Amino acid sequence: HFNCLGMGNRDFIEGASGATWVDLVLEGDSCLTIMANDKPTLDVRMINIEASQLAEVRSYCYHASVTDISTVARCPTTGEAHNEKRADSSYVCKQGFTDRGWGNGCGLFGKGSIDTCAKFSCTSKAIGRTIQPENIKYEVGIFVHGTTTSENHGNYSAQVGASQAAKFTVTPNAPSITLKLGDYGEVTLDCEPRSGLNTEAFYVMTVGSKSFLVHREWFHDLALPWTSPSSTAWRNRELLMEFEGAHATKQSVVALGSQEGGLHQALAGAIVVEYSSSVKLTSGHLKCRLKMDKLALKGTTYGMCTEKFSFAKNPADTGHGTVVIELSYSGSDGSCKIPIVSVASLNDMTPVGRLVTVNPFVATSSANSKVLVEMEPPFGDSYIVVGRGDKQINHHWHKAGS
């Protein structure tokens, strides 16, 4: 998806009268149509963002498993108990004391030392990763509103074969690019990619099948056990475990409940990203300058088409205050310019609309060729009028207000 027709989110920019630069902000779910006097109309849209080489930072356990409990006890005054599970890193251990006497195995009375261990296993974890900024790629599409049909308007191969479209990537290393556009000229797009998706504010956090963009702030004060690529064991395991009251030589150890639910109140509540060895997202923005001084019109030279047109597709509402039609030209004198205006009444044929497809034309000498035309009609009732004199055709159009 590289141009605007059919997109549900669309914005219209009026380039200044005679300006050589145009500032843009490309919304990742949107499309810009830029119009300016004496210039062909352009669509530009941010297609997606891409980051490839993600480093790992830290993982959090939100559901722990407590298994294989064991206690070593000692009689009062005989020293500190040492449980040998302390030589095993997957065990968490805590010292303690219990009441001891003749009734539970000791010859003296008083506090006897105990050492209780339990195995800590992680059952499900949220793993966070980092994007280095040198590895973000913005995919951007550009389209110039030349001759198109209903079928090929969104076909990328057709439009790039007619030199009317380009997909290109901008990176922090290559923030500018010039593309040629056939006899329409060229445009240069100068972007700001490191200040588009600020990779220093965020982590990518994979939870099960999905991943998210999370504030590093929130990711750091997660009161959960954690690991990192180089660490030997889970750390701070104890905030998912309860050492229960010790009695003689026994002590119970349980895990707390899963925090899986409590992790989904956050991330509600966060930007989803597609993750498959490389992270893809369409949400986001890119700030660009578009240079248009070497962009010029093609057409103007040509004569007007002489023969009758017909409506190959009746006008349809595009959803953004414009209507799109497809014409069929019965004539053979192409290449010729299409006579198409928007009039408010058929007796007062003063033009009142405005063409989005500026300078629409039939490119070929073949008869019954099809041309698509996008127009911005005035509010209320109007007519789309194609052709002159007895070759003329019209279609009523209504554009509602509210």
Which is among the basic types (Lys, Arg) and without any contact (Cβ under 8 Å) to a residue 40 or more places away in the chain, of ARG74, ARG86? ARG86
Where residues in the range 58-68 are touching a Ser or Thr at 6+ places or on another chain (Cβ under 8 Å) and surrounded by fewer than 17 Cβ atoms within 10 Å (Cβ to Cβ), which of them is nearest to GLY112 (Cα to Cα)? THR67
Within the group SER342, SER402, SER328, which residue is farther than 26 Å from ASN37 by Cβ, in a strand (DSSP E or B), of a type in the set (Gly, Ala, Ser) and under 41 Å from the mean Cα position of the chain (by Cα)? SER328
Are there any pairs, at least 6 apart or on different chains, whose C-beta atoms fall under 6 Å, with the first in the range 176-188 and assigned by CATH to the domain that holds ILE142 and the second in a loop (DSSP other than H, G, I, E, B) and surrounded by fewer than 16 Cβ atoms within 10 Å (Cβ to Cβ), and if so, which? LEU181/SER163; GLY182/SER163; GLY185/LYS294; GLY185/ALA296; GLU186/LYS294
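Residue-wise test of (1) assigned to a strand (DSSP E or B); (2) under 30 Å from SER124 (Cβ atoms); (3) under 17 Å from the mean Cα position of the chain (by Cα).
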| site | (1), (2), (3) |
| --- | --- |
| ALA158 | no, no, no |
| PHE168 | yes, no, yes |
| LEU179 | yes, no, no |
| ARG194 | no, no, yes |
Between residues in the range 266-288 that are at positive phi and residues that are buried (at least 18 other Cβ atoms within 10 Å of the Cβ) and not in a strand (DSSP E or B), which pairs lie under 7 Å by C-beta distance while being six or more apart or on different chains? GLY284/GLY28; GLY284/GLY196; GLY284/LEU197
Any idea which of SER113, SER70, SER163 is in contact with a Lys or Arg (Cβ under 9 Å, 6 or more places away or on another chain) and in a loop (DSSP other than H, G, I, E, B)? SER163
Filter the range 4-36 down to the residues that are within 19 Å of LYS167 (Cβ to Cβ) and among the hydroxyl-bearing types (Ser, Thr, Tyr), then identify the one that is surrounded by the fewest Cβ atoms within 10 Å (Cβ to Cβ). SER30
Exactly one of these conditions fails for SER365: (1) in contact (Cβ under 8 Å) with a residue 40 or more places away in the chain; (2) over 24 Å from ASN37 (Cα atoms). Give me its number. (1)
Could you list, in sequence order, the residues of the range 4-19 that are of a type outside the set (D, E, K, R) and in contact with a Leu (Cβ under 9 Å, 6 or more places away or on another chain)? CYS4, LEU5, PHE12, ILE13, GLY15
Restricting attention to the range 210-220, does a residue exist that is of a type in the set (S, T, N, Q) and in a loop (DSSP other than H, G, I, E, B)? no
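In this analysis, Cβ positions are derived from the backbone assuming ideal geometry, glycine residues included, and neighbour counts consider all displayed protein chains. The values are calculated or read from the model by the stated rules, or taken from the named source; these are not laboratory values.
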